[PDB]
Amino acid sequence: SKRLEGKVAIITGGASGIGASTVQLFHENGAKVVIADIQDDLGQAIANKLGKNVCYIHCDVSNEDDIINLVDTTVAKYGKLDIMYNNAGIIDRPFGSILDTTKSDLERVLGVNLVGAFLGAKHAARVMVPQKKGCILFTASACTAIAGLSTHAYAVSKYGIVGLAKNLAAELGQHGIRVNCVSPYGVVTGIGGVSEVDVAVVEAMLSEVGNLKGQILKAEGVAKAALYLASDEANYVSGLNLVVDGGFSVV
């Protein structure tokens, strides 16, 4: 039942959505968990609820000094880093045309989703390579065309993440490090927005075709995929994009 006993995990975007489900599940499975987010109230509350083996650290993943602080503090606190789950993600104006995407919105989505994932992976690898041990995860997407149910900026950021994961699996495998993605189809509750209006549009679309229990189950399904990949039962699993979408994307 303690499939992560003694492991040390960092989870970005850990204050809500998939990140929060994974925080809880990893904690229930024996890991030490560092919640990284920018929603301090939500994140600190979860840390306080779960107790001593969970702590919250403010981290804007697009800011490399925050990422360094997050990794270095985790290692200083626990001596190691077993799992780096680069999950934080935001979206610009959902269901907009390519014709109407602004450069500013594109660069904000890429900065948090793609650059932030890149920086988290860079500094986690900095620690994991001397350990010759580690698991770097990303939240990505299905590899069909998901922009129609998200945005072009969002879809591009997640495609770039899949390419990052593949290339890091190739570089870091020789050092005993696994690199994988876990991926809902596209947008899931708890995603952030370039603007609050963006969050509001996302909220509307999710409840228009979904139970609350159902969004929670999609998030928990992704979390349980992260649990499998981060555990020793996936010691030989690297370079995978583990899509959790009920098969929606194959047809």
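The first residue of the sequence shown is number 1, and the count goes up from there.
Colleague: For the C-alpha atoms alone, is the average B factor greater in 119-127 or in 95-103, going by the entry?
Modeller: Mean C-alpha B-factor is greater for 95-103.
Colleague: Would 43-51 or 194-202 have the larger average of its C-alpha temperature factors, as given in the entry?
Modeller: Per the deposited B-factors, the answer is 194-202.
Colleague: Which one of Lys32, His58, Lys218, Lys224 shows the top CA temperature factor in the record?
Modeller: Across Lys32, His58, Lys218, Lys224, the entry lists the biggest C-alpha B-factor for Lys218.
Colleague: Can you tell me which of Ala142, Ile136, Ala155, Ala88 has the maximum CA B-factor listed in the PDB entry?
Modeller: The listed residue with the largest C-alpha B-factor is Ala142.
Colleague: Going by the recorded CA B-factors, say which third of the chain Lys166 sits in, lowest, middle or highest.
Modeller: As the PDB entry reports it, the C-alpha B-factor of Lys166 lands in the lowest third of its chain.
Colleague: Lowest, middle or highest third: where is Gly148 by Cα B-factor in its chain?
Modeller: Answer is highest: the recorded C-alpha B-factor places it there.
Colleague: For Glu208, return the chain-relative third of its C-alpha B-factor as stated in the PDB record: lowest, middle or highest.
Modeller: It falls in the top third of the chain.
Colleague: Lowest, middle or highest third: where is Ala36 by C-alpha B factor in its chain?
Modeller: Tercile = lowest for this residue's CA B-factor.
Colleague: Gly176's Cα B-factor: lowest, middle or highest third of the chain?
Modeller: For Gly176, the deposited C-alpha B-factor lands in the middle third.
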